[PDB]
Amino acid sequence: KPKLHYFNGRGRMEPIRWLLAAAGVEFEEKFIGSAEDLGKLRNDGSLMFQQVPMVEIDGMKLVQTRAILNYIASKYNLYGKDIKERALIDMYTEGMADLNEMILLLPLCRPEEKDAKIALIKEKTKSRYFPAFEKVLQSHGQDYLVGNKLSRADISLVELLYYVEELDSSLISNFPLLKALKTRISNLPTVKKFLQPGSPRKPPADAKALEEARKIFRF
């Protein structure tokens, strides 16, 4: 079983949970609860750049979110079939990560800057990201972003669609094909199960989650 080292929360680990769970892969989680827990992982040599996410998989102590996601996608056949499909999948997922980063860091914005950030997220979602992925689905008319087949790109996008819905559920309103994709993916037995109660899926960060992470990571 791959073992995921992180705090008990979404942060940067969440896409990894999604992708493993979607690929039907059973995993264990070792929850970092304090500066001491992280401290031990640092002193053991387990963390190349002394940071997490870290995942023990196939003899490796893999750090860096993109390194872990790339490996998992390749291992479990969710990374297309060739170099051109990987280019499409990389381009798509990098775009999704850019929007993810904005949403991710929102709790760090001061009360006076928060409203401007939220408005920028909404506007970019509507004019930059959602148009781009709707255009790819519209252009080829297929059920999946790339190669008419389930990839890490579809899995990354649907997780994102759920975070956007948490923010503002009307953002997806003028994107029929994105709506249809979210539904399609959500019904896949592995995704459906991940979205059910009691799965390793993590909740949105709240006030105390930010307090707790600050005392673990020192930011």
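The numbering used is simple: start at 1 and walk along the sequence shown.
Higher mean CA B-factor, judged across 139-147 and 114-122 from the recorded values: 139-147. Comparing the deposited coordinates for 160-168 and 36-44, the stretch with the larger average C-alpha B-factor is 36-44. For the set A132, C109, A87, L78, the PDB entry assigns the largest Cα B-factor to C109. Split the chain's modelled residues into thirds by C-alpha temperature factor. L177 is in the middle one. Sort the chain's modelled residues by C-alpha temperature factor and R66 lands in the lowest third, per the entry. When the modelled residues of the chain are ordered by C-alpha B-factor, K192 sits in the highest third.
Per-chain ranking of the deposited C-alpha B factor places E29 in the highest third. In this PDB entry, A207 carries a Cα temperature factor that places it within the highest third of its chain's modelled residues.
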